[PDB]
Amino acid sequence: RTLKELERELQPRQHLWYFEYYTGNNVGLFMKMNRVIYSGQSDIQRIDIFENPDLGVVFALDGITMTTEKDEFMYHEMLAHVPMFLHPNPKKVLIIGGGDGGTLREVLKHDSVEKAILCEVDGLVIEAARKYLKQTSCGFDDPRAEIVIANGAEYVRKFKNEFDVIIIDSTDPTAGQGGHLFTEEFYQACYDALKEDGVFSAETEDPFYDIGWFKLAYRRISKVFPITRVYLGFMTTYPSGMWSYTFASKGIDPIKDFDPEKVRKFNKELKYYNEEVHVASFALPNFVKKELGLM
């Protein structure tokens, strides 16, 4: 008999675990692993993809949770739909980071899109996502999607008055090639690469374990864009579960220029984002307002 003939459905036990440490290394998340699907090392970072009984397939970079099959929609829908719905007619989009493809998948739901560029620094992440993370990488096959392997901070500088929307889907500033995507100069390059009525969004971490970088990202973006507003969203497997995103534009206000009918009439599936959540996400708790210097 051969191995395959004798194999049965793999059942989880209490012996294999994934431990993710949060900034500071005093608190973290642990997950049981039924099996490890892939472990790879590029010139940039380490990729691990495994299966958890409750979360499904989990993707991690350098021991930091990037996506889980059960809840990635929460993050990708909030990072992409806010700017996409606010733009009058988004045709050309640039996504920096997001090798898993989730943000690209959400952006592609918008019929106005003619070209979506996914600029990921690590080619191995793209290859691993194409093969093992089909839930998020389904957009790779879209005729309008173009994948570019490059450092986003260097890539965006090559363009001026080119994009309608730029979305930053980066790792933590201290993780991997992240950090390059957090400079004031970088944000200026994004501003210069957008057209006159362009919009922008960037993941700005949890205002809890990563309060430092959250504040810094907001300061730098607000110094470049006339309109800069932080919005929050639940993210059930990210550090603290309280995630922040920063919307920015050259005039379009995230509340005053929001047309709820665009969302009500959307022809694609949305598992988190909706008209009420859009406006609600901009309501900040007092401690967050205090950090940003608002109240």
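Throughout, we count residues from 1 along the sequence that is shown.
Undergrad: For the stretches 29-37 and 243-251, which has the higher mean C-alpha B-factor as given in the deposited record?
TA: Higher mean C-alpha B-factor: 243-251.
Undergrad: If you average the CA temperature factors over each stretch, which comes out higher, 64-72 or 254-262?
TA: It is 254-262 that shows the higher mean C-alpha B-factor.
Undergrad: Would you mind finding, among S42, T236, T228, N52, the residue with the largest C-alpha temperature factor in the entry?
TA: Answer, based on the entry's C-alpha B-factors: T228.
Undergrad: Comparing recorded Cα B-factors across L94, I126, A217, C138, which one is largest?
TA: Highest C-alpha B-factor among the listed options: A217.
Undergrad: If you rank the chain by CA B-factor, which third does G178 end up in: lowest, middle or highest?
TA: It belongs to the highest third of the chain when residues are ordered by C-alpha B-factor.
Undergrad: Using only modelled residues of the chain, where does the Cα B factor of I221 rank: lowest third, middle third or highest third?
TA: Answer is highest: the recorded C-alpha B-factor places it there.
Undergrad: Within this chain, which third does the Cα B-factor at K158 fall in: lowest, middle or highest?
TA: Top third by C-alpha B-factor.
Undergrad: Name the third of the chain's ranked CA B-factors that contains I211, choosing lowest, middle or highest.
TA: It belongs to the highest third of the chain when residues are ordered by C-alpha B-factor.
Undergrad: Please place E196 in the lowest, middle or highest third of its chain according to the CA B-factor in the PDB entry.
TA: Highest third - that is where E196 ends up once the chain's C-alpha B-factors are sorted.
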